[PDB]
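Only one structure is covered here, and it is reproduced in the block below.
What follows is calculated from the coordinates using simple rules that are stated; it is not laboratory data. Backbone-built Cβ (ideal geometry, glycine too); neighbour counts: all protein chains shown.
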Amino acid sequence: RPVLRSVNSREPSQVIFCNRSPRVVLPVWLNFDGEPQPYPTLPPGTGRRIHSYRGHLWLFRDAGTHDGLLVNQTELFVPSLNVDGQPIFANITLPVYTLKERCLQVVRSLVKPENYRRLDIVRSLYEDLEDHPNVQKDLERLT
Amino acid sequence: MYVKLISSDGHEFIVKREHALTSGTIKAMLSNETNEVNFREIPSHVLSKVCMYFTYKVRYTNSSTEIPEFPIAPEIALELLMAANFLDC
Amino acid sequence: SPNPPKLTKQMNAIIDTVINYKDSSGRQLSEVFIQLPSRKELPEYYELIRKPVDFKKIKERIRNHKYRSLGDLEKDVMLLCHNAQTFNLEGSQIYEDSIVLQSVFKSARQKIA
Amino acid sequence: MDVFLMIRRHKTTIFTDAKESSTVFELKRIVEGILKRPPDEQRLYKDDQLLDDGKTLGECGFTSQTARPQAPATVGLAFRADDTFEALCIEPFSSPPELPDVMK
């Protein structure tokens, strides 16, 4: 069974998801079996109060490309119980991508996938362009 | 403490040593005159952009502030990707 | 109108096995299925699902002798699981939990002597 | 607030940072430490306009919003060879190739 999963606390926790990135954000909930599930997206520069539970696990991605994002400067967010009527903030931001990953993002945004192998670049980069970011491989790396 | 990174077309880029050490390849090249590295296949319009990346990485790594996007114009994207692949940064 | 007591006892034993099932993490998979989502919190559920049903309704239908056979009880449990698998996507927690519960129901019904 | 710059002369480009509150003369002191030429042997420019030593980088037009780490602002530099300053000359960087068909 996967180690990265939400705890079934059944204890409500109100969280403000703050999109402090220029990307449309996809919140991803890791369920009780450690499987990722998509939730409604957040436009850039918007904050929204949402209803979750203590010990639940969340990660955040670019909704269109699945590029990884940070939450409170780390990969995973776990709501805690609210104290003195205060919401918990999940501040979502861009990571400092490596230059290579940022270049791959830009090339993927400009060239259709069937045309990657027509680019005048070293062949090893075709596999890198095709190896699109995905939650499954990131969970494996984090585990 | 500065290093000089020289493009294929002879432009000399003077950057902080700690910023250049972002690249594992440059770290290996430094360990060419002392504190200087020549790049036979990286032209100046690309190497200048790599130096901007080093400044950006050092400024925003471990920062608690809102990080801006690192911009890449379409016309330099392929050459910058080749440089980043070679430089491992 | 009332069913033979043996039939009611059999219906309740099967449903109790489903409701009481706990997976290897100790989780009661049936819990979310006991009660339908409210119309105010999820009207989308009622717009898509033609015949909503939950375990509270199934238990009521056993108690009030609405089901006249184990086949009638199975039809509603299969409807509950079909609804869960219609509204919710494959791989979602609720869809996957309903697959397990369908299997628990089938095994429990088969073990009736 | 910090400003990120490229100080350029001929085929030399220095990447450095400073504050909007920094003065032009303070930038000449940065150049002196790197290129070993004193401030009185230097002229600094914004485009082709000579910057006054006593002005802040903010007073010259260098704002944090327009001099970012990822897109630094250019300051031109000219040196004094004996008694006269050379004309400002900044060699352009190389040109990118034409945008490929698969991007159009």
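Figures for the structure shown
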{"quantity": "In nm, spacing of pseudo-spin labels at B:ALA73 and C:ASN12 (7 Å Cα→C-beta vector)", "calculated": "8.0"}
{"quantity": "Highest-first arrangement of B:77-86, A:38-47, where packing means the average Cβ count within 10 Å", "calculated": "B:77-86, A:38-47"}
{"quantity": "Two-site label geometry, C:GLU44 and D:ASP82: point separation in nm, points 7 Å out along Cα→Cβ", "calculated": "8.1"}
{"quantity": "Estimated 222 nm signal from helices in chain B, with DSSP H stretches of n ≥ 4 weighted -39500 (n - 2.57), rounded to 500", "calculated": "-12500 deg cm²/dmol"}
{"quantity": "Hull volume in cubic angstrom per residue (convex hull over the Cα atoms of the protein assembly as shown)", "calculated": "207"}
{"quantity": "Volume of the Cα convex hull of chain C, divided per residue and given in Å³", "calculated": "108"}
{"quantity": "Debye equation applied to the C-alpha atoms of chain A, log10 I(q)/I(0) at 0.11, 0.17, 0.21 Å⁻¹", "calculated": "-0.46, -0.95, -1.29"}
{"quantity": "Fraction of alpha-carbon pairs over 22 Å apart in chain B - percent", "calculated": "23"}
{"quantity": "Estimated [θ] at 222 nm from DSSP helical runs (n ≥ 4, -39500 (n - 2.57)) normalised by residues in chain D, nearest 500", "calculated": "-4000 deg cm²/dmol"}
{"quantity": "Nearest-ten-degree value, helix C:93-110 long axis tilted from longest Cα axis of chain C", "calculated": "10"}
{"quantity": "Pairs beyond 29 Å (Cα-Cα), from A:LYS137/C:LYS56; B:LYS27/D:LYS36; A:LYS100/D:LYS28", "calculated": "A:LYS137/C:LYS56; A:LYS100/D:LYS28"}
{"quantity": "Cα long-axis angle, helix A:99-110 against chain A (0 to 90 degrees, to the nearest 10)", "calculated": "80"}
{"quantity": "Sorted by Cβ density within 10 Å, fewest first, the residues A:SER9, B:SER64", "calculated": "B:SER64, A:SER9"}
